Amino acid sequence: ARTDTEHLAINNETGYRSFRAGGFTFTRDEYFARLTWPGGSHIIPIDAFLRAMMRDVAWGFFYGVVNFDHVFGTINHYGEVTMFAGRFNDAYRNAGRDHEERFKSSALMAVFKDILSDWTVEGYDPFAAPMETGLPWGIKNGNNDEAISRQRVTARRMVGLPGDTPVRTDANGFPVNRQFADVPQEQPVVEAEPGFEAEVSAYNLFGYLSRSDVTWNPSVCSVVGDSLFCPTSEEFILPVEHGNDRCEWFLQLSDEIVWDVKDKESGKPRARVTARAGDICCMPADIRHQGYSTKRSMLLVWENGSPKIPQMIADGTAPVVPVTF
């Protein structure tokens, strides 16, 4: 698994740096991210590209396949990562035109971070919804290293426990988002008997989500073994098409989303799932999915973090759908 990456020249006219990882090349101009590899090329609008890059970076390559689009993306092997062009595209695959290279994770991650920093300009926050931030177009103009360097938040057991990830407040830098302005902020009444204060614990989870400063970013709020509650607030469009290497579940907590569901392997449309408050559904391990949300909404993503699953799904010793009836 490869380790060879490289900083290339700052372009004289655009002001941006070009980058290499193995056989892949990365360049941006005023409008586009330009990708090349041995045998081919591809273009992605720079806004779409930066939003997706932002997620793959923040999520540490996430689970399974993170498709930037119908051609380009990554596969997390957990310590190692595959970067591909056309691997999950029927046209490229049938023709033997797909290309992929396997990297050590910190090697690809370091160049991804360099790309994201160089290509992000003053006043553009690739983690926000489009109504909340500026534009990525034009030549290099300052940076937004603060927006792209946010510290990952993960509970070890539950938000708000002594020594675990904290509750969000105005004082610690997390006010309520404009599109959650009406959401009740009161904490639950907690009254512990003496000596038990460490273990009698509750928090307002919806109010916590109302204060999230980013969109489309599942964060662990409670843990039971490998079972992770990873809620997040969402607005506009999930910047990737997620092809998981395990089953996963969505519970809509507020407002609504439609999931565009396509075949993981081919990319062919298969279904559209509309979920309103209280709806819970499952995403099979053989699909990819991408969500859409008009108003900023609350979503619970529920994961099983077990590393045994992908080889089981591959072998057929675990089902591609968790339940049949």
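Residue positions are given as counts along the sequence shown, with the first one as 1.
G316, present in the displayed chain, goes without coordinates in a third or more of the other PDB entries compared that cover both sides of it. Taking only CA atoms, the mean B-factor in the PDB entry is higher for 167-175 than for the other of 167-175 and 236-244. The stretch 5-13 shows the higher mean C-alpha B-factor when 5-13 is compared against 20-28 in the entry. Per the PDB entry, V153 shows the highest C-alpha temperature factor of the residues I139, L108, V153, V71. When the modelled residues of the chain are ordered by their C-alpha B factor, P38 lands in the middle third. In the PDB entry, a CA B factor belonging to the lowest third of its chain's modelled residues is recorded for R51. Ranked by Cα temperature factor within the chain, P184 sits in the highest third according to the deposited record. In this PDB entry, the Cα temperature factor of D213 sits in the top third of its chain's modelled residues, the highest group. Among all modelled residues in its chain, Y292 ranks in the lowest third by Cα B-factor.
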